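Accompanying notes for the structure given below.
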Amino acid sequence: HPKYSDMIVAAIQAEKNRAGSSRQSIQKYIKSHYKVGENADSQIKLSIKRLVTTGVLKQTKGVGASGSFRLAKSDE
DNA sequence: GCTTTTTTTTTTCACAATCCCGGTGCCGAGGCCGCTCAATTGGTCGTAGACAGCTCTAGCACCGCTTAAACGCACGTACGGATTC
Ligand SMILES: [Ca+2]
Ligand SMILES: [Ca+2]
């Protein structure tokens with residue numbers, strides 16, 4: 001298997017559609033070829049929690065925990 | 001060679017200590033139970049250190065002289081240790 005910032009790239013990159021990108025449609029695609037452990041959902045929200053704050057991923061619209069994201073940082 | 005007497009050896013009577021039975025009694029080892037908190041699973045992230053490669057410190061070897069030091073022996077003193085008190 002590959003890492004979870006390896007997995008988060010594959011869903012949003014391949015197709016590009018529902019709610020810009022959001023939490024359910026990412027986890028549906030991700031499970032098909034990561035091969036699911038129980039920790040999948042726990043370390044997929046953690047991967048998002050540190051990727052949104054670093055600059056690799058930037059968020060479109062939300063409040064606190066919920067929302068929707070993109071890949072290209074804002075103004076870049 | 002005898003006596004006497006002093007020392008040492010031998011036995012012969014004692015007594016705490018031990019052990020094996022029995023029997024009894026109590027409390028803490030040893031196990032159970034219902035948690036929870038600390039080890040485990042999994043993945044992410046950053047650097048500690050094996051490893052290769054270079055430098056060049058300093059550790060080893062070698063020699064031949066000078067003489068301080070070690071070695072060995074002659075000699076007798078004051079020490080160690082036995083004995084006695
Ligand atoms: Ca479960
Ligand atoms: Ca280093």
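For the range A:17-44, a residue qualifies if it is of a type in the set (D, E, K, R) and either touching a strand residue (DSSP E or B) at 6+ places or on another chain (Cβ under 7 Å) or surrounded by 12 or more Cβ atoms within 10 Å (Cβ to Cβ) (or both), and the qualifying residues are A:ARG18, A:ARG23, A:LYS31, A:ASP41. Selection of first residues in the range A:13-24 that are closer than 16 Å to A:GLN59 by Cβ and of second residues that are part of a loop (DSSP other than H, G, I, E, B), restricted to Cβ pairs under 7 Å at least 6 apart or on distinct chains, gives the following pairs, ordered by first then second residue: A:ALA19/A:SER68; A:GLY20/A:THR60; A:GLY20/A:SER68; A:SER21/A:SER68; A:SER22/A:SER68. Cβ-Cβ contacts under 8 Å between residues 6 or more apart (or on different chains), taken from a first residue in the range A:49-70 that is over 17 Å from A:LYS16 (Cβ atoms) to a second residue that is among the β-branched types (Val, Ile, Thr) and in a helix (DSSP H, G or I), are listed as A:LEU51/A:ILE8. Taking the range A:1-28 as the range and being among the aliphatic types (A, V, I, L, M) and within 16 Å of DNA strand B (Cβ to nearest atom) as the test, the residues that pass are A:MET7, A:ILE8, A:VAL9, A:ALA10, A:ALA11, A:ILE12, A:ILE26. The listed residues are A:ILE30, A:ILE8, A:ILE44, and the only one of them that is touching a residue at least 12 places away in the same chain (Cβ under 8 Å), in contact with a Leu (Cβ under 7 Å, 6 or more places away or on another chain) and either among the β-branched types (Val, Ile, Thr) or in a helix (DSSP H, G or I) (or both) turns out to be A:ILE8.
Cβ atoms come from the backbone with ideal geometry, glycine included; neighbour counts cover every protein chain shown. No value in this document is a laboratory result; all are computed from the given coordinates.
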